[PDB]
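K.L.:
Sequence, then the experimental structure. Questions to follow.
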Amino acid sequence: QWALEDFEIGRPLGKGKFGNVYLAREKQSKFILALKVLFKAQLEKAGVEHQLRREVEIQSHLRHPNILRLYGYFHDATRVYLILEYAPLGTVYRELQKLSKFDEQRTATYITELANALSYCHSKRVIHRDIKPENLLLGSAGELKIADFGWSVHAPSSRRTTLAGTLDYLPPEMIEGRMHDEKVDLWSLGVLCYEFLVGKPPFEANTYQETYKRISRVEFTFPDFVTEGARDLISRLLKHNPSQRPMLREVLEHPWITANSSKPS
Ligand SMILES: Nc1ncnc2c1ncn2[C@@H]1O[C@H](COP(=O)(O)OP(=O)(O)O)[C@@H](O)[C@H]1O
Ligand SMILES: CCOc1ccc2nc(C)sc2c1
Ligand SMILES: [Cl-]
Ligand SMILES: [Cl-]
Ligand SMILES: [Cl-]
Ligand SMILES: [Mg+2]
Ligand SMILES: [Mg+2]
(Lines give C-alpha, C1' and ligand atoms only; values in the text may rest on other atoms or scores of the structure.)
(Ligands and ions follow the chains in the order given, each with its own letter.)
Protein backbone atom coordinates (compact mmCIF):
# COMPACT_ATOMS: atom_id res chain seq x y z
CA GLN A 1 0.00 0.00 0.00
CA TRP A 2 1.98 3.03 1.27
CA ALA A 3 5.45 3.74 -0.18
CA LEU A 4 8.17 6.38 0.27
CA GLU A 5 7.04 8.24 -2.87
CA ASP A 6 3.82 9.13 -1.04
CA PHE A 7 5.49 11.44 1.53
CA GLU A 8 7.48 14.68 1.64
CA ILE A 9 10.12 14.41 4.35
CA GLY A 10 10.95 17.20 6.79
CA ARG A 11 13.03 17.86 9.85
CA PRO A 12 14.52 15.17 12.14
CA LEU A 13 12.34 14.73 15.25
CA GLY A 14 14.78 12.52 17.10
CA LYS A 15 17.06 9.52 17.13
CA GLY A 16 16.96 6.12 18.78
CA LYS A 17 19.21 3.04 18.78
CA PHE A 18 17.56 1.79 15.58
CA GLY A 19 14.91 4.46 15.01
CA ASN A 20 15.59 7.63 13.07
CA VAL A 21 12.37 9.65 13.21
CA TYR A 22 11.28 12.45 10.76
CA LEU A 23 8.40 14.87 10.32
CA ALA A 24 6.54 14.04 7.08
CA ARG A 25 3.48 15.07 5.04
CA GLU A 26 1.41 12.68 2.93
CA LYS A 27 1.19 14.22 -0.53
CA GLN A 28 -2.43 14.02 -1.65
CA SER A 29 -4.09 14.51 1.76
CA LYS A 30 -1.46 16.87 3.32
CA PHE A 31 -1.75 14.82 6.51
CA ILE A 32 1.17 15.55 8.88
CA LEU A 33 2.70 12.57 10.67
CA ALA A 34 5.97 11.06 11.90
CA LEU A 35 7.96 8.44 9.97
CA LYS A 36 10.13 6.07 12.04
CA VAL A 37 12.92 4.67 9.82
CA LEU A 38 14.82 1.48 10.66
CA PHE A 39 17.71 -0.06 8.73
CA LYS A 40 17.24 -3.75 7.86
CA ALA A 41 20.98 -4.48 8.05
CA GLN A 42 21.03 -3.23 11.64
CA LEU A 43 17.80 -5.08 12.52
CA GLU A 44 19.14 -8.39 11.17
CA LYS A 45 22.53 -7.94 12.83
CA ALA A 46 20.97 -7.42 16.27
CA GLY A 47 18.38 -10.15 15.63
CA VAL A 48 15.42 -7.99 16.68
CA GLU A 49 12.93 -8.62 13.85
CA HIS A 50 10.55 -10.20 16.39
CA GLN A 51 10.62 -6.97 18.50
CA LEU A 52 9.59 -4.84 15.52
CA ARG A 53 6.75 -7.21 14.60
CA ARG A 54 5.48 -6.96 18.17
CA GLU A 55 5.78 -3.16 18.07
CA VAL A 56 3.55 -2.99 14.97
CA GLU A 57 1.06 -5.68 16.05
CA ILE A 58 0.61 -4.47 19.65
CA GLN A 59 0.61 -0.70 19.10
CA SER A 60 -1.62 -0.64 15.98
CA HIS A 61 -4.58 -2.23 17.78
CA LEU A 62 -4.45 -0.08 20.94
CA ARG A 63 -6.82 2.93 21.05
CA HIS A 64 -6.45 5.33 23.98
CA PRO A 65 -5.96 9.15 24.22
CA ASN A 66 -2.75 8.68 26.24
CA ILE A 67 -1.17 6.11 23.88
CA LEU A 68 0.55 7.13 20.60
CA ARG A 69 -1.16 5.80 17.43
CA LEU A 70 0.59 3.60 14.89
CA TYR A 71 -1.21 3.74 11.53
CA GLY A 72 0.79 1.30 9.40
CA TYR A 73 4.13 0.38 7.87
CA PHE A 74 5.92 -0.24 4.57
CA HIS A 75 9.44 -1.20 3.50
CA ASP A 76 11.97 -1.23 0.67
CA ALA A 77 15.23 -3.06 -0.05
CA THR A 78 17.14 -1.41 2.82
CA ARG A 79 14.67 0.15 5.25
CA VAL A 80 11.50 -0.36 7.25
CA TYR A 81 9.17 2.63 7.85
CA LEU A 82 6.60 2.93 10.68
CA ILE A 83 3.82 5.50 10.18
CA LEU A 84 3.13 7.21 13.52
CA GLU A 85 0.95 9.92 15.03
CA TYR A 86 3.01 13.15 15.27
CA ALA A 87 3.48 14.47 18.84
CA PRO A 88 3.96 18.21 18.47
CA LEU A 89 5.22 19.17 21.95
CA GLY A 90 8.13 16.73 22.04
CA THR A 91 9.38 14.46 24.83
CA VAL A 92 8.97 14.59 28.59
CA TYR A 93 12.77 14.07 28.60
CA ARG A 94 13.36 17.41 26.83
CA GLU A 95 10.90 19.13 29.19
CA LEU A 96 12.70 17.78 32.27
CA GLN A 97 16.05 18.95 31.03
CA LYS A 98 14.60 22.41 30.37
CA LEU A 99 13.07 22.81 33.86
CA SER A 100 15.39 20.53 35.93
CA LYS A 101 12.49 19.36 38.15
CA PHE A 102 8.68 19.29 37.93
CA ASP A 103 6.40 20.76 40.65
CA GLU A 104 3.87 18.55 42.44
CA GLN A 105 0.90 19.45 40.20
CA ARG A 106 2.73 18.73 36.94
CA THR A 107 4.12 15.45 38.34
CA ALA A 108 0.79 14.12 39.67
CA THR A 109 -0.98 14.99 36.40
CA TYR A 110 1.62 13.10 34.32
CA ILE A 111 1.34 10.13 36.73
CA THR A 112 -2.46 10.06 36.35
CA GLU A 113 -2.17 10.09 32.55
CA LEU A 114 0.45 7.32 32.65
CA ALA A 115 -1.66 5.18 35.02
CA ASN A 116 -4.75 5.59 32.79
CA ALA A 117 -2.81 4.46 29.73
CA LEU A 118 -1.17 1.57 31.62
CA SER A 119 -4.52 0.42 33.05
CA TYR A 120 -5.85 0.11 29.50
CA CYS A 121 -2.72 -1.82 28.41
CA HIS A 122 -2.89 -4.19 31.39
CA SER A 123 -6.56 -4.94 30.70
CA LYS A 124 -5.26 -6.71 27.57
CA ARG A 125 -2.35 -8.27 29.49
CA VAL A 126 0.03 -6.03 27.54
CA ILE A 127 3.12 -4.90 29.45
CA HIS A 128 5.27 -2.09 28.05
CA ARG A 129 8.54 -2.78 29.92
CA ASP A 130 10.39 0.34 28.60
CA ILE A 131 8.67 3.28 30.28
CA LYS A 132 11.12 6.18 30.54
CA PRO A 133 11.14 9.93 29.74
CA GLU A 134 12.49 9.66 26.14
CA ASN A 135 9.55 7.35 25.28
CA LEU A 136 6.81 9.64 26.69
CA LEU A 137 5.59 12.22 24.15
CA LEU A 138 3.38 15.30 24.40
CA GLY A 139 0.28 16.15 22.37
CA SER A 140 -0.99 19.57 21.30
CA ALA A 141 -2.70 20.25 24.64
CA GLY A 142 0.36 19.06 26.54
CA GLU A 143 -1.15 15.65 27.33
CA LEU A 144 1.22 12.72 27.90
CA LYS A 145 1.30 9.84 25.37
CA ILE A 146 3.15 6.51 25.82
CA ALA A 147 5.22 5.51 22.77
CA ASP A 148 7.94 3.03 21.59
CA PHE A 149 6.41 -0.43 22.03
CA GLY A 150 9.46 -2.35 20.80
CA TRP A 151 9.96 -4.07 24.16
CA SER A 152 6.26 -4.74 24.85
CA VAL A 153 4.91 -8.27 25.37
CA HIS A 154 2.13 -10.46 26.75
CA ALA A 155 2.48 -11.46 30.41
CA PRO A 156 3.75 -13.66 31.91
CA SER A 157 7.18 -13.57 30.24
CA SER A 158 10.92 -14.15 30.31
CA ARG A 159 13.57 -12.24 28.42
CA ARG A 160 15.16 -13.60 25.23
CA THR A 161 16.85 -10.36 24.15
CA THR A 162 20.00 -8.62 25.42
CA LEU A 163 19.47 -5.55 27.65
CA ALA A 164 21.07 -2.74 25.64
CA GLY A 165 21.55 0.49 27.59
CA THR A 166 20.51 1.92 30.95
CA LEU A 167 19.29 -0.23 33.81
CA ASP A 168 17.75 2.81 35.48
CA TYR A 169 14.03 2.07 35.01
CA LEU A 170 14.06 -1.74 35.35
CA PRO A 171 12.91 -3.75 38.42
CA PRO A 172 15.00 -6.41 40.19
CA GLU A 173 13.14 -9.38 38.66
CA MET A 174 13.86 -8.00 35.22
CA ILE A 175 17.56 -7.23 35.61
CA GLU A 176 18.19 -10.53 37.42
CA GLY A 177 16.74 -12.15 34.29
CA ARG A 178 14.00 -13.74 36.36
CA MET A 179 10.31 -14.32 35.65
CA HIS A 180 8.10 -11.19 35.41
CA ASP A 181 4.58 -9.78 34.79
CA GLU A 182 2.51 -6.55 34.75
CA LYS A 183 4.04 -5.37 38.02
CA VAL A 184 7.19 -4.34 36.13
CA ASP A 185 5.41 -1.26 34.79
CA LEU A 186 4.38 -0.31 38.32
CA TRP A 187 8.03 -0.27 39.46
CA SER A 188 8.90 1.98 36.48
CA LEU A 189 6.05 4.32 37.41
CA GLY A 190 7.71 4.71 40.83
CA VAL A 191 11.12 5.51 39.31
CA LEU A 192 9.46 8.14 37.07
CA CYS A 193 7.56 9.79 39.92
CA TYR A 194 10.86 10.17 41.80
CA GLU A 195 12.75 11.43 38.74
CA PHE A 196 9.99 14.00 37.95
CA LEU A 197 10.18 15.48 41.49
CA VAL A 198 13.96 15.23 42.11
CA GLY A 199 15.55 15.62 38.66
CA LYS A 200 17.31 12.25 38.50
CA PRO A 201 16.26 8.61 38.88
CA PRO A 202 16.62 7.06 42.37
CA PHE A 203 19.21 4.33 41.60
CA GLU A 204 21.48 6.39 39.33
CA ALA A 205 25.22 5.68 39.50
CA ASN A 206 28.50 5.93 37.60
CA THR A 207 28.69 2.28 36.51
CA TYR A 208 26.42 -0.53 35.34
CA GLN A 209 27.76 -2.78 38.04
CA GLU A 210 26.87 -0.41 40.87
CA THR A 211 23.48 0.56 39.41
CA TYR A 212 22.66 -3.14 39.36
CA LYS A 213 23.62 -3.24 43.04
CA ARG A 214 21.45 -0.26 44.05
CA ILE A 215 18.44 -1.68 42.17
CA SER A 216 18.70 -5.25 43.50
CA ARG A 217 18.92 -3.92 47.09
CA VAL A 218 16.37 -1.10 46.56
CA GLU A 219 18.82 1.47 47.90
CA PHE A 220 17.35 5.00 47.50
CA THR A 221 16.93 8.08 49.73
CA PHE A 222 14.84 11.31 49.49
CA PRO A 223 16.01 14.94 49.37
CA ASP A 224 14.45 17.12 52.12
CA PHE A 225 12.01 18.88 49.77
CA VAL A 226 10.06 15.73 48.76
CA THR A 227 6.80 15.82 50.78
CA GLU A 228 5.35 13.04 52.92
CA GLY A 229 2.57 12.24 50.42
CA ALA A 230 5.02 11.80 47.54
CA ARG A 231 7.31 9.66 49.74
CA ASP A 232 4.40 7.37 50.61
CA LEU A 233 3.42 6.80 46.97
CA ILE A 234 6.99 6.22 45.76
CA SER A 235 7.82 3.88 48.69
CA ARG A 236 4.75 1.77 47.84
CA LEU A 237 5.74 1.39 44.17
CA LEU A 238 9.44 0.61 44.68
CA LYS A 239 8.93 -2.69 46.51
CA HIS A 240 11.34 -5.56 45.86
CA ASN A 241 8.51 -8.11 45.94
CA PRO A 242 6.30 -7.43 42.86
CA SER A 243 3.12 -8.77 44.53
CA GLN A 244 3.47 -6.03 47.17
CA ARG A 245 3.30 -3.23 44.59
CA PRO A 246 -0.13 -1.53 44.42
CA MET A 247 -2.76 -1.96 41.69
CA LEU A 248 -3.16 0.96 39.32
CA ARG A 249 -6.57 1.85 40.79
CA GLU A 250 -4.77 2.40 44.11
CA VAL A 251 -2.29 4.73 42.42
CA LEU A 252 -5.13 6.71 40.78
CA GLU A 253 -6.95 6.99 44.14
CA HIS A 254 -3.89 7.84 46.31
CA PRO A 255 -4.58 10.98 48.40
CA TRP A 256 -1.46 12.76 47.06
CA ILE A 257 -2.48 12.17 43.44
CA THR A 258 -6.09 13.26 44.02
CA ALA A 259 -4.93 16.40 45.81
CA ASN A 260 -2.47 17.51 43.13
CA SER A 261 -3.53 16.09 39.74
CA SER A 262 -5.56 18.29 37.40
CA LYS A 263 -7.00 15.36 35.40
CA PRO A 264 -9.41 12.50 36.32
CA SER A 265 -9.17 8.70 36.00
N1 LIG B 1 5.54 10.36 16.89
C2 LIG B 1 6.59 11.16 17.26
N3 LIG B 1 6.46 12.51 17.32
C4 LIG B 1 7.50 13.30 17.70
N5 LIG B 1 8.73 12.83 18.06
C6 LIG B 1 8.97 11.49 18.04
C7 LIG B 1 7.89 10.58 17.65
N8 LIG B 1 8.38 9.32 17.74
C9 LIG B 1 9.66 9.43 18.13
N10 LIG B 1 10.02 10.71 18.33
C11 LIG B 1 11.37 11.15 18.78
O12 LIG B 1 12.33 10.20 18.31
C13 LIG B 1 12.95 9.50 19.41
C14 LIG B 1 13.10 8.01 19.09
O15 LIG B 1 11.81 7.38 18.88
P16 LIG B 1 11.56 5.84 19.38
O17 LIG B 1 10.26 5.44 18.75
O18 LIG B 1 11.57 5.88 20.89
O19 LIG B 1 12.85 5.07 18.80
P20 LIG B 1 13.72 3.86 19.49
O21 LIG B 1 12.89 2.64 19.27
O22 LIG B 1 14.97 3.79 18.66
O23 LIG B 1 13.92 4.30 20.92
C24 LIG B 1 12.03 9.75 20.59
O25 LIG B 1 12.71 9.62 21.86
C26 LIG B 1 11.52 11.15 20.29
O27 LIG B 1 12.55 12.10 20.63
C1 LIG C 1 5.29 -5.79 10.82
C2 LIG C 1 6.35 -6.04 9.78
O3 LIG C 1 7.59 -6.25 10.47
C4 LIG C 1 8.73 -6.38 9.72
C5 LIG C 1 8.66 -6.27 8.32
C6 LIG C 1 9.79 -6.40 7.54
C7 LIG C 1 11.02 -6.64 8.16
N8 LIG C 1 12.28 -6.80 7.58
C9 LIG C 1 13.30 -7.02 8.43
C10 LIG C 1 14.73 -7.23 8.08
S11 LIG C 1 12.70 -7.05 10.04
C12 LIG C 1 11.07 -6.75 9.56
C13 LIG C 1 9.94 -6.63 10.34
CL1 LIG D 1 9.53 -16.05 27.16
CL1 LIG E 1 12.43 -10.51 25.21
CL1 LIG F 1 -6.28 -1.34 38.54
MG1 LIG G 1 12.68 4.95 22.41
MG1 LIG H 1 12.62 0.71 20.00
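P.N.:
Done, it's in. Numbering: from 1, shown residues only. Ligands and ions are numbered 1, 2, ... in the order given.
K.L.:
Can you name the residues of the protein sitting close to ligand 6?
P.N.:
Contact residues (C-beta under 5 Å from the ion) of the chain with ligand 6: 16, 135, 148. Any C-beta I mention is one placed from the backbone N, CA and C, and that applies to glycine too.
K.L.:
quick check: longest helix of this structure.
P.N.:
Secondary structure assigned by DSSP state H gives helix 104-122 as the longest helix of the chain.
K.L.:
okay, now the domains of this protein?
P.N.:
2-90, 91-261 (curated CATH domains).
K.L.:
Count the neighbours of residue 98 for me.
P.N.:
The burial count assigned to residue 98 is 8, neighbours taken as other C-beta atoms under 10 Å.
K.L.:
Show me which positions of the host helix or strand of it end up buried.
P.N.:
If you go by DSSP states H and E, residue 98 is part of helix 92-99. When neighbours are counted by 16 or more other C-beta atoms under 10 Å, the buried residues of helix 92-99 are found to be 92, 95, 96.
K.L.:
who are the neighbours in contact with the first one?
P.N.:
Contact partners of residue 92, counting by C-beta atoms under 8 Å, 6 or more residues apart in numbering, are 110, 133, 136, 137, 138, 144.
K.L.:
Next: residue 194.
P.N.:
Residue 194 makes contact with 201, 202, 220, 234, 238, according to C-beta under 8 Å, 6+ apart.
K.L.:
now swap in residue 213 and tell me
P.N.:
Here residue 213 is in contact with 205, 219 (criterion: C-beta under 8 Å, 6+ apart).
K.L.:
Just the residues contacting the helix or strand hosting residue 258, thanks.
P.N.:
Secondary structure from DSSP H and E places residue 258 in helix 255-260. The contact list for helix 255-260, computed with C-beta under 8 Å, 6+ apart, reads 104-105, 107-109, 111-112, 227, 229-230, 232-233, 251.
K.L.:
Please pick the buried ones from those.
P.N.:
Buried subset of these (neighbour count, 16+ other C-beta under 10 Å): 104, 107, 108, 109, 111, 112, 229, 230, 233, 251.
K.L.:
quick one: buried residues of the helix holding residue 258?
P.N.:
Residues of helix 255-260 classed as buried by neighbour count (16+ other C-beta under 10 Å): 256, 257, 260.
K.L.:
I'd like the distance between the last one and residue 102.
P.N.:
Taken as C-beta to C-beta, to the nearest Å, the spacing of residue 260 relative to residue 102 amounts to 11 Å.
K.L.:
my guess is residue 9 meets residue 24, correct?
P.N.:
Yes. Judged on C-beta atoms under 8 Å, residue 9 makes contact with residue 24 at a distance of 5.3 Å.
K.L.:
Name the residues contacting each of those two.
P.N.:
Shared contacts of residue 9 and residue 24, defined by C-beta under 8 Å, 6+ apart, are found at residue 35.
K.L.:
For those two, indicate the residue with more neighbours.
P.N.:
For residue 9 versus residue 24, neighbours defined as other C-beta under 10 Å are more numerous around residue 24 (23 against 12).
K.L.:
you'd agree the more buried one is in a helix?
P.N.:
No. Under DSSP: H, G, I helix; E, B strand; the rest coil, residue 24 sits outside any helix and is assigned strand.
K.L.:
ok, now how distant is the residue in the stretch 51-200 of the chain that ligand 6 sits nearest to from ligand 1?
P.N.:
Closest contact between the stretch 51-200 of the chain and ligand 6, by C-beta to the ion, is at residue 148 (3.8 Å). Residue 148 sits 4 Å away from ligand 1, taking C-beta to the nearest ligand atom, to the nearest Å as the criterion.
K.L.:
Quickly find the element holding that residue.
P.N.:
Using DSSP H and E, residue 148 falls outside every helix and strand.
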